[PDB]
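Each position in the sequence shown, counted from 1, maps to that position plus 956 in the deposited numbering. A virtual CB, placed ideally from N, CA and C, is assigned to each residue, including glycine. Step one of this worksheet: look at the structure below.
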Amino acid sequence: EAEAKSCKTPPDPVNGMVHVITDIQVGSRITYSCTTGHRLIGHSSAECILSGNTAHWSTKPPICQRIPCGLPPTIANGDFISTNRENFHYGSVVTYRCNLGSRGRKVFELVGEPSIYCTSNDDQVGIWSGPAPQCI
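Put into structure tokens, the structure is as follows:
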């Protein structure tokens, strides 16, 4: 080189990997992304600007907030188990079931998708897969 000044290589932050496409120095542009299943904080798009002393990205180190998911759609009569209990965040899987008096008994049975898990399909909110399970 000779003179251009680089806005410092963007260090892979909270899970979100940076995409150093063109370069990193002045004029150069890249793109950040919190992989799959993660909300990107700040701005993915960035351009290496320069005030005078040192080159810096017009944006700022993008973060990555974990997509929070609430409780899974509880089916009538059907119970709830698995890892999930209260500390719901994302990905957590839950196994459905159905009443049985108190210790197993021919009284309603789970049918279809006996298990689900946290996911995303509308930003935050933390929408699961679907309340398909049903007692019969």
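(message) Within 8 angstroms, do at least three Cβ pairs link the region 1019-1034 to the region 986-996?
(response) Remark: three or more beta-carbon pairs, one from each stretch, lie closer than 8 angstroms, so the region 986-996 and the region 1019-1034 are flagged as touching.
(message) Starting from residue 1093, trace the beta strand (DSSP E) in both directions and tell me its first and last residue.
(response) Only positions 957 to 1092 of the chain appear in the structure, and residue 1093 is not among them; the question remains open.
(request) Using the Cα positions of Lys964 and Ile1023, report the straight-line distance between them to the nearest angstrom. (result) Position 8 of the sequence shown holds residue 964. Position 67 of the sequence shown holds residue 1023. So the two alpha carbons sit approximately 29 angstroms from each other.
(request) List the endpoints of the continuous beta strand (DSSP E) containing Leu996. (result) Working through the sequence shown from its first residue, we reach residue 996 at position 40. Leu996 -> beta strand (DSSP E) spans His994 to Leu996.
(message) Once the 5 residues before and after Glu1003 are set aside, which same chain residues still bring their CB inside 6 angstroms of it?
(response) For the purposes of this step, residue 1003 is taken as the residue at position 47 of the sequence shown. Leaving aside the five residues that flank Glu1003 on each side, the residues in its chain whose CB is nearer than 6 angstroms to its CB run, in chain order, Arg985 and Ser1014.
(message) So for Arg1022, helix, strand or coil by DSSP?
(response) For the purposes of this step, residue 1022 is identified with residue 66 of the sequence shown, where counting begins at 1. Three-state DSSP puts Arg1022 in a strand.
(message) Please state whether the Cβ-Cβ distance between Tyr1052 and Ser1076 is less than 8 angstroms.
(response) Start at 1 with the first residue of the sequence shown, and residue 1052 comes out as number 96. Start at 1 with the first residue of the sequence shown, and residue 1076 comes out as number 120. Their beta carbons are not under 8 angstroms apart, which means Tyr1052 does not touch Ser1076 by this criterion.
(request) Helix, strand or coil for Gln1090, going by three-state DSSP, please let me know. (result) The sequence position of residue 1090 within the sequence shown is 134, counting from 1. Reduced to three states, the DSSP call for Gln1090 is strand.
(message) As an exercise, report each continuous beta strand (DSSP E) stretch of at least 3 residues that is fully enclosed by the region 1036-1078, in chain order.
(response) Scanning the region 1036-1078 from its first residue to its last, the whole beta strand (DSSP E) runs of 3-plus residues come out as 1049-1051 and 1071-1073.
(request) Taking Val974 as part of the beta strand (DSSP E), name the residues at either end of that continuous run. (result) Here residue 974 corresponds to residue number 18 of the sequence shown, with the count starting at 1. Bounds of the beta strand (DSSP E) holding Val974 are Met973 to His975.
(request) Could you check if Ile977 is buried or exposed, using at least 16 other CB atoms within 10 Å of its CB as the buried criterion? (result) One-based indexing of the sequence shown puts residue 977 at position 21. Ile977 is exposed by the Cβ-count criterion.
(request) Could you please give the first and the last residue of the uninterrupted beta strand (DSSP E) stretch that includes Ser989? (result) Counting from 1 along the sequence shown, the entry for residue 989 is found at position 33. In the DSSP assignment, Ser989 falls within the unbroken beta strand (DSSP E) covering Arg985 to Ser989.
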